[PDB]
Each structure stands twice: as C-alpha cells, then as structure tokens.
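What the coordinates show
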Amino acid sequence: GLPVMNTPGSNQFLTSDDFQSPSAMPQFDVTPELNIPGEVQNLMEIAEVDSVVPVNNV
Amino acid sequence: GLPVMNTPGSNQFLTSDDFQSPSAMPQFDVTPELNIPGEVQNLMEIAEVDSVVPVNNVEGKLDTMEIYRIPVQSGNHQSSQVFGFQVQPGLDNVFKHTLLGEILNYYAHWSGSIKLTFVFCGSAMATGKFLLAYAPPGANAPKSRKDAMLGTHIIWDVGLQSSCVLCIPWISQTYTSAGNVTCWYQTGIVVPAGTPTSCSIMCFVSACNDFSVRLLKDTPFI
Amino acid sequence: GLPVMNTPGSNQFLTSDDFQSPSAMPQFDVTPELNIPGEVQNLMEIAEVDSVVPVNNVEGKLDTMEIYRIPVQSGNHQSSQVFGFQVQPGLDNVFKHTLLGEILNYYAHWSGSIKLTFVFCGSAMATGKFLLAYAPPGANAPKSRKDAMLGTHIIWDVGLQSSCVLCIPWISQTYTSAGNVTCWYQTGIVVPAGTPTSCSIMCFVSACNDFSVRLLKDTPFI
Amino acid sequence: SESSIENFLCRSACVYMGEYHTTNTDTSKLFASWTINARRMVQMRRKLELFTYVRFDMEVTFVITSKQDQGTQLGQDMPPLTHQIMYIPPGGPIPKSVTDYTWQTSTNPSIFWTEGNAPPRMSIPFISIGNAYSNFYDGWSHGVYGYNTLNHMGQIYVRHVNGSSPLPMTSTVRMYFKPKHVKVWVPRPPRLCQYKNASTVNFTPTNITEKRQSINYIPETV
Amino acid sequence: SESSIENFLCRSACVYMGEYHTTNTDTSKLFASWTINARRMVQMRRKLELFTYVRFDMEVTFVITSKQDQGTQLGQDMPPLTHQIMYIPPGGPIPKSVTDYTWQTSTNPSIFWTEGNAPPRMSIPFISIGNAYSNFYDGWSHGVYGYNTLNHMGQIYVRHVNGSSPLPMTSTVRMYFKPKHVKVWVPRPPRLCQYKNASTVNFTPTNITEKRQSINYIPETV
C-alpha cells in the first residue's frame, strides 16, 4: 500500500548527512546534567582573550 | 514502522532531476549580496540591443572595417541597385554573428518581429533620394526600380533625414522562402564644390518586444 | 531523518504503472492549442456512423463495386428469396470490415443494439413489394415466404417508401447461435415501357447509443 | 469508458531495440541511435491512423543489459557500468563519433545511469511550433510528397561512460514509449491494406472482404 | 520563459573524468584530483562568458565504475568496494600520498560510499569573501595578468578505502556539475574566436563572418 518511488541518492552513505538513527540502548535513563562553571557556546570567546606575543623571536 | 513501497525509478541518476541535496558546509555563513549595477533577468534583454550588420560580406574584405560599410558612389546612376538581402536571422551569413543572431542560435525554434535601422554617413552638404523596398516571404525580389515602387516601399531623402527605420512582422525559421529588402537610387547624390564625392550607409538590427524562443540546444560555433 | 521502510515492488518497472516523471525540457513553453473542428472524445462516436455493407460477397466480385449491390431481377418470381444473412458483427465476413466491425475487433467483449437500413436504387417508375423478416438467436432461418410471414416481419412497398429501417436488440459475441434476416419477393417488380428492367438494393449498418465494449486487445488484421 | 481516447491510446510499447560496444573496429557500433516517430511500429501506427491530428506528451523508459564478449579474457573484476542517454531536440547537433563535442552540449538533455538500479525514465513535452501533429499530409516538404517538417520530434543516443582504453563489453537497450494527455481530431477509416514502407501510404490493391457460398447462405443452427 | 537565466545556465554536465588504482608503482596513480573552475569545459565556458559577474551554488554528482586488472589472477571472491570523496575548501591542506594525514582532517568534508547503491552527491554553497565571482579580471594577482584569488572554489580528491595489502583494481570517476540559484551582472558580446588555453583570453584573429557572391545577391525563390 502507499505507492512509493525511490529517487537518486537512495542507499548512499553521505559523510555529512543528518538523519534520525535507531538507539542501541533505549531502556537507559541518562545521568542528568550538572551546572559546571565555565561553559562555552562559541570559539570566539577564546579569541577575545589576551595572550602574550613573542615579539623577540630572533 | 510506516509501511513503504519502492516504485520504478528508484536509485537512478537522472541528469535533469530536481531534488534537495545535503550541504557539505552547513556551518558557513555566506557573504551577503552587493547591489552591482547592470543585472540581467532574461536573455531577450541582450537581443533587444542594436548591433552593426556586416552587409558588405564579399571577397577581399572579411577582415577589415570595410565589411560594415555600404558604398554610395558618385555621379548619376538613378535607377541602379544599392544593396539587397534576405531577412533570415540565425541562418544567413549577414545576420548570423550579430547579437540577435548569436542568441537565436541557442534555440531550435523562435519567432517574432525585427527592427532595421539605416543611417547615412555623408557630409552635411549632400542631398539625394533612396527607395527602400520590402518583399514578403514567398515573393521574388524586384528586378527594377519601378516594380520595387509598385510594392511596399519608403522614399528616403537624406537631405532631410539621416536615418530610416523598418519593422518586419512575420519571422520564423526552418531557395529560402523568406522576405527580402532592397535599396535603389531614386535620384543620385548631389554635392557642392569642395566636398567628398563618395559616401557610406550603415545598418543596425534588433528585436522587438514580442520575441520568443524554444528548445534550448547546443550552438554550432565552438 | 524520517524513518522509512521499502515494500515489495520497489525498483521494478511495471509497463502499466502511473507515476509522475521528471521533465527533460522544463524551460520550454508549449504552443497553445487551436480550436480545430472535428474533435473526438470516444470511439463509440465512430461506430455510430453508417457504412455500406458488402452483402454480395461471392466469388468473382470481391474486388469490384458490385460487391455492395443486392440484385433485384425482372419478371415474376413472387415467392423467391432475395438475400439472407446472420447478424454477427465482428465475426461474420459480411460485417467484419465495416466501421462498426473494425472497432469491435479491438475488444474481447461487447454488447448492444444494431441498426440496419435498406435503400432501393431503382427508377421512379418501378413498384413492388418485399417482405423483410427477422429470426431471433436460436431459431432456424425460414425456408419459405409463408413461414417468414408467420414470424416478425415488415412489408415494404418501394413505390411508397425508398428506404426501410430495422433495430435489432440482443447482440453479443462468443452453428452460430445468432439471429438472422431474410428478404422475400412478395409481388415482383412492375415497370412501364421504356424503363430499365433490373435494379439494386443497398444495406447500411450502424450501432445504437447503448453500445459497450470491454478488454482492449490486439486486432487480427495487420 | 474503456473506449475513451486516453484508455485506447495511452499504453506502453517497445519501439526500438539496439546494440552497442565499448571497443570495436567500426566506430559506428560504439553507440546506438533512434529517431522518434510512430510509423515503424505497425500496431501503434494503425491505431494512430484513425485520426488526422494528434497532440500528446511522451514518456520514455529504458531497459539496458550488458555482457562480456566471448572473445578470450577471464578472471576480471569489474565495477558496474555507467551509461549516458542523450535527447536531442529538433534543431540540435548530432554526434558522429563517441568522442565528439556534442556529447557535452549544455542544451542537449542527458541522463547518467549505472547498472543495478531502477530503470531510467524521461518525460518530453509537446514540441512543435505548430498546434498539433499530423498523421497525414497532402503536400510537399518545400521536395518530398507527404512529408512536413512540423512533425520533427527529436532523437535519442546512447553510449558508455568509461575512461580511456576500456575493457570489451556489449550492451543492448530497449526503449519503451508512451503517449500521455492525448487529443485527436478528424476521424478516418481504418487501414485496409498492409503497410509497405515507413514513409509513404503505398499499398497493393486488396479485396474488400472474404467470400461465402451464396448471397442466401446462412449456416445451420445448433 | 526558456530564456530566463535559470533555465539557460542551470544544467548538468560532465566536467572531469579520471582513473585511479589500488596498487601501482607510481603512487600518483593511486588517487584522482580535480580543481574546480569553469574554464576547461568549452560549452559551459562560452555561455558563462556572456556576463561579467556571476553568483551560484554548486551541486556535484559522481558516477564510479571499477574493474579487475587484466594482469593474471582469477577465482577471486570480493566484497563490494568502498570509496572516499573529499572536498577541500579554499585554504585547506592538500594530500600528496594516499596515506597522508590530510585524508583525516576534521574540516575537509568527506563522503564514504560503497558500490551497488545510488550515486553520491554533495552540495557546495557560494564560497567567496567577495560578493560575486568574476569571469574577467583586468588586473594582476598581486604577478599574473588576468588572475584574481577571489575565484578560488576548492578541490576534489578521490581514493579507495581498503586496508593493508589490497587486491589490484582500477576505478574511473565521472563528475557531473550543476550551478544553482544563479545571478548575473553586466552582459558582454559572445566569443567570436576559438579558445587557445584555459587561463588566458588569447586568440588568433578571425573573420567577421563568411562571404557571399555580391552585395546584391539574394537566392532564387522556391
């Protein structure tokens, strides 16, 4: 039932695809998260910090 | 879950298909667009521009600027032909490499109206008359000045106007079965003392707004 | 994403499937339709047209116009048969190549009613009477003029009417098990002095509005 | 309902079967080609001749099978083969070798396919600068009797997509064709004689029908 | 409608075909590589040169076929082969062997694919720190005439994904390229001369058009 038609790209493995996957451990409740200080959302938070320049590189 | 059934055509690569594809660089914000002058939405904006016709495409001058100049000679020749051609853009050598001809050669079917402009490049002291005549497709080209007068024509006085315009209405494509245009000396050119004797005419071609094209194909020039 | 499950029948080519397909020329606007006279929606519009029956399909004249003419002879023969046939379109040689027969031979099952017209092509001075008789399927063909009178019949006076019409109601398909039609001389043909002696009858066949067909197949003629 | 125009004409059929090699010493055996018309399939031709003007879209499916030549060399380990199927519109460049430039023109639509997957399929619209196709033309091409240039529908070409110095292989393609969204005008009588060639209506004279015993003969009833 | 910019440019084409082995004694024959530009495909190059600035996304599909080398050894039983297709953005590491570390860098997007399945496909966005690409540059790279570094689009590399001491095999890849969501600026005249190399506009002087008999000549009408 439900007539269906396969398009090109079927059954390929694309290294950057984004699909839902089946879990191998469905009956396992995970440890809840802790509020650890010092969380990062973006790498530009690392570049906005000063660091010492080795100007005398002779 | 969700019972599903594969149809014929699955896992084929069709060169003209239209499907969503996975991006290989999802975390990359693109440069925003700039407002550059001169944007184009359609190729018919290129064909509606005038370009110079090489009407003088005879032997010995296919590689000089002279290919573009129709010669007007001096003295009294007041019934002789000046020029003539069939109106066949896309196929005929005189129209083939213009801006309109180059576009039409990407498509296998086209149709519309065409605009031809003629300009007199002589000195401001010269006067005379030309007869410009149009024969429809399926008609023979006139052999004399009188039978060209008996059809559709305009009489062009270059002492009054420096340019003339023509609009041709029934153009399609495939010993031609096409219309033609011819030009005749009505009077001859008359000058005062101290002006050059000979002179030139130039032709410009363009398309009018109602032009259509179909069946994109490959061009026969490269 | 979107969990999915392929069913049997995936990636097969079924010759009668009905799926959307990708266009190879998406950027091509088609010529609009013209209003041409004489459009057809259904093949039963072809079968409802009369066509001439070759009732005289005997030896020596299968390649002449004579195949279409029923002979009416001169003199006094006022109880003899003129013609007779079984009504079997599709199978029987006399009905097989008509417009109705050619359609029916594309289908494996059909049924409806049939219309037969007879026309007298003699001079306007001739008079006489014919007896037209119909026997249903499962009945034998009458052997005399009297037992044809004892069934379903019409008496046709050609001095009054030039044409007669019959409508036959129970037609189907598969030493036939079909109905038949016969014609008898009631009186004989009578003429004045100076008119031709012999003459002819013509038959036309057609289908009535309630005709149906099923199971398209291949025709046995090419 | 089964006698509607769509149910009578819209059916799939094999119209061309061809063979082509990867290596050969003829260089015309390296690709396969077909010109699209509906005059070399005798069963579709006859059903199409019941009308004078037709309009439809085309759908084409391809079934492709390969084989290693029985020449000599065994123990091979080969990846699956790739094929290219090119459609040329009317007014397009035609290839003459398998190495030609026209196998890369941007306006010839093309399909790339590798074996093991579902069979490939493309959909072509109504392509004509006229308003309908014609099955019959009582005229001259401009000179061939009975041939008009508005009936051009294009061509199909098939080759292998290997690299340099490929291994020997032989492929067969079968093309299945189906018209869709069909409209017909001006019905005609059915072809009574056998067809003689694919471009004319030429014929040898034929009998109107087959004979029986006499004009009275009806077979004995069961 | 077929002359819009999208329908004129957005079409797929084979732009590179390459071969690579699993074992060899050259070590450059173990992988295949291509630099992305649109100047070594002569039919796409010419259509792209009608404009001065372009902006598009890229879509790339790969058709891949394998073969066992005719060297000697038969009776093998092999699982299907796996391949790796790596895209390098502008400003990325380039591999020099098939065993290099760059085949594992986290910022080079990569595709893993095994034969028998549908053909693989990736989608690349507009990648430039400028606002458009340029088909023509009247400048210096900083020194090469006519070459500006904003036109870098990346590279593609393909190898086999076996383990240690693999069996001998030869593969061929064909890359099909298609631009999408296209915008163009500043139209130009069409290329009249043949192209000479892939980086310059160099040319030999060409005739303006072909000759006819005289400036009056029109062919006899049918």
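Above this text sits the structure in question.
Below, the discussion takes up the overall build of chain D. A tally of helices and strands in chain D yields two helices and nine strands. Helices (α) and strands (β) of chain D occur, in sequence order from the N terminus, as α-β-β-α-β-β-β-β-β-β-β. Projected onto the principal axes, the alpha-carbon positions of chain D cover approximately 75 × 50 × 40 Å. Considering chain D as a whole, with its 222 residues, one finds that 51% of them fall into the buried category. In the form shown here, chain D has an accessible surface area of approximately 10100 Å², with 53% of it arising from carbon and sulfur atoms. Across chain D, the 21 positively charged side chains and the 14 negatively charged ones have centroids separated by 7 Å.

It is worth spelling out the overall build of chain B at this point. A tally of regular secondary structure across chain B gives three helices and eleven strands. If you list the helices and strands of chain B from N to C, you get β-α-β-β-β-α-β-β-α-β-β-β-β-β. Its C-alpha atoms give chain B a radius of gyration of 25 Å, more than 25% over the compact-globule value 17 Å for 222 residues. The buried share of chain B, taken over its 222 residues, is 50%. Chain B carries 10 positive and 17 negative side-chain charges, and their two centres are separated by 19 Å.

Bringing the sheet that holds strand β2 (residues 32-35) of chain E into the picture now. Residues and elements named next belong to chain E. Taken in spatial order, the four strands make up an open sheet running β2-β8-β4-β5, and their pairing is antiparallel. Each edge of the sheet is formed by a strand with only one pairing partner; in this case those strands are β2 and β5 (110-114). The mean inter-strand angle of the sheet, taken between neighbouring strand axes irrespective of direction, is 15°. Here five bridges tie strand β4 (residues 82-88) to β5, and the two strands are oriented antiparallel to one another. The residue of β5 that forms the bridge with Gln-84 is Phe-112.

Moving on, we get to the interface of chain D and chain C. With 61 residues of chain D at the interface, the matching set in chain C holds 68 residues. Here chain D and chain C share an interface that buries about 5600 Å² over both sides, 60% of which is from carbon and sulfur atoms. Taken together, the links from chain D to chain C amount to five salt bridges. Taken together, the links from chain D to chain C amount to 29 residue pairs in polar contact.

Here the focus is the interface of chain B and chain E. Contacts between the two partners involve 68 residues from chain B and, on the opposite side, 61 residues from chain E. Summed over both sides, the interface between chain B and chain E buries roughly 5600 Å², with carbon and sulfur atoms accounting for 60% of that surface. Inspection of the chain B/chain E interface yields five salt bridges. Salt-bridge contacts for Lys-183 of chain E lead to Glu-39 of chain B; the nearest nitrogen and oxygen are separated by 3.7 Å. Applying the counting rule to chain B against chain E returns 29 residue pairs in polar contact. Mapped onto the side of chain B that touches chain E, the elements with two or more residues apiece are β1 (39-40), α1 (44-47), β3 (70-72), β4 (81-86), α2 (99-104), β9 (180-185) and β11 (212-216) of chain B. In terms of residue count, the dominant contributor to the side of chain B that touches chain E is β4 of chain B (six residues). The residue makeup of the side of chain B that touches chain E, split by class, is 39 nonpolar, 21 polar and eight charged.

It is worth spelling out the sheet that holds strand β6 (residues 129-135) of chain B at this point. Residues and elements named next belong to chain B. Within the open sheet, the four strands sit side by side as β4-β9-β6-β7. Their pairing is antiparallel. Of all the strands in the sheet, the pair left with one neighbour each is β4 and β7 (152-157). Put simply, the sheet's adjacent strands are angled 15° from each other on average, direction ignored. Both β4 and β9 contribute to a ladder of five bridges, which runs antiparallel. Bridge pairing in β9 links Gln-81 to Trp-184.

Residue and element names in this part refer to chain E. Burial analysis of strand β3 (residues 51-67) places 15 of its 17 residues in the buried class, which makes it a mostly covered element. The pairing of β3 with strand β9 (residues 170-187) spans 15 bridges and is antiparallel. Bridged to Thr-61 within β9 is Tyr-176. Note: β3 against strand β7 (residues 133-134), two bridges, orientation antiparallel. Residue pairing for β7: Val-54 is matched across the bridge by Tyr-133.

Residue and element names in this part refer to chain E. Assignment of secondary structure puts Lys-180 in strand β9. Buried within the structure, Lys-180 lacks any salt-bridge partner; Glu-59 is the closest side chain of opposite charge, at an N-O distance of 4.3 Å. Not counting residues up to four positions away in its chain, the partners in contact with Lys-180 are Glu-6, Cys-10, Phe-56, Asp-57, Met-58, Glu-59 and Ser-123.

Moving on to the pattern of salt bridges. The tally for this structure, following the rule as stated, stands at 21 salt bridges over all chains. Taking the shortest distance from any N to any O, the salt bridge between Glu-59 of chain D and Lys-178 of chain D comes out at 3.8 Å. Here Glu-59 of chain D falls in the buried class, since its relative accessible area comes to 4%. A cluster of three or more residues bridged by salt bridges with shared partners is formed by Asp-17 of chain B together with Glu-59, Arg-121 and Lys-178 of chain E.

Bringing unusual backbone geometry into the picture now. What you tend to see is this: most non-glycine residues have negative phi, and most peptide bonds are trans. With phi around 70°, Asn-11 of chain A is a residue other than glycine that occupies positive phi space. With respect to the secondary-structure elements, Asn-11 of chain A resides in the segment before α1 (44-47). The exposure class of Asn-11 of chain A is exposed, given its relative accessible area of 54%. Positioned with a positive phi, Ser-165 of chain E is a non-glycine residue whose angle comes to about 55°. Summarising the element assignment, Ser-165 of chain E is placed in the loop between β8 (155-160) and β9.

As a further point, take the packing of aromatic side chains. This structure, assessed with the given rule, holds 33 aromatic pairs over all chains. Centre to centre, the rings of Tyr-106 of chain B and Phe-8 of chain E are 5.4 Å apart; their planes meet at 90°, and the pair counts as edge-to-face. With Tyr-106 of chain B in the loop between α2 and β5 (107-121) and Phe-8 of chain E in helix α1 (residues 5-9), this pair bridges two chains. In terms of burial, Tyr-106 of chain B and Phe-8 of chain E fall into one category: buried. Their ring planes at 20° and their centres at 6.3 Å tell us that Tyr-16 of chain D and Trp-34 of chain D sit as a pair that is stacked. Here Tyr-16 of chain D is found in strand β1 (residues 13-21), whereas its partner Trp-34 of chain D is found in strand β2 (residues 32-35), with 18 residues between them in sequence.

Counting residues in hydrophobic clusters, the biggest one holds 91 residues, and the most contacted among them are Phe-83, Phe-130 and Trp-156 of chain C together with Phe-62 of chain D. A per-element tally of this core places strand β3 (residues 51-67) of chain D first, with seven residues. Once residues lying within four places of it in the same chain are set aside, the contact partners of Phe-130 of chain C are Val-72, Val-82, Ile-154, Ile-155, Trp-156, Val-158, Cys-183, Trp-184, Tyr-185, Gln-186, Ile-189 and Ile-201 of chain C. By size, the runner-up hydrophobic cluster in this structure holds 87 residues, among which are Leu-9, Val-15, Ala-32 and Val-60 of chain E.

What follows concerns the pairing of β11 of chain B. Residues and elements named next belong to chain B. Counting buried positions along β11 gives four out of five residues, so the element sits mostly inside the fold. Two strands pair when backbone bridges link them, and β5 and β11 are joined in this way by four bridges, in the antiparallel orientation. Bridge pairing links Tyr-107 to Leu-216 in β11.

Residue and element names in this part refer to chain B. Applying the stated criterion to the full structure yields zero disulfides over all chains. Take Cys-167: it sits in no disulfide, and the sulfur closest to it among the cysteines is that of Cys-208, at 4.5 Å. When its relative accessible area of 51% is taken as the criterion, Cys-167 is described as exposed.

Definitions and cut-offs
- Residues numbered from 1 in each chain as written, not as in the entry; some residues may be left out.
- Chains lettered and ligands numbered in written order.
- Part of a larger assembly, values for the part shown.
- Heavy atoms only, no water.
- Helix = DSSP H or I, 4+ residues; strand = E, 2+ residues; numbered from the N terminus.
- Buried < 20%, exposed > 50% of the residue type's maximum accessible area, 1.4 Å probe, protein only.
- Areas by Shrake-Rupley, 256 points an atom, 1.4 Å probe, with all protein chains shown as cover.
- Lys, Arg positive; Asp, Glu negative; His and termini not counted.
- Charge placed at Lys NZ, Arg CZ, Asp CG, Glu CD.
- Rg over C-alpha atoms; globule rule 2.2 N^0.38 Å.
- Pairing = 2+ DSSP bridges.
- Axes fitted to C-alpha atoms, helices over the stretch in contact; angles between N-to-C directions.
- Contact = heavy atoms within 4.5 Å.
- Buried area = accessible area lost by both parts, 1.4 Å probe.
- Salt bridge = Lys/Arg side-chain N within 4 Å of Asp/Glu carboxyl O.
- Polar contact = N/O pair within 3.5 Å; in protein donor to acceptor, adjacent residues only side chain to side chain.
- Nonpolar A, V, L, I, M, F, W, Y, C, P; charged D, E, K, R; others polar.
- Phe/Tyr/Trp six-rings, centres within 6.5 Å; stacked < 30°, edge-to-face > 60°.
- Core = buried A, V, L, I, M, F, W, Y, C linked by side-chain atoms within 4.5 Å.
- Disulfide = S-S within 2.5 Å.

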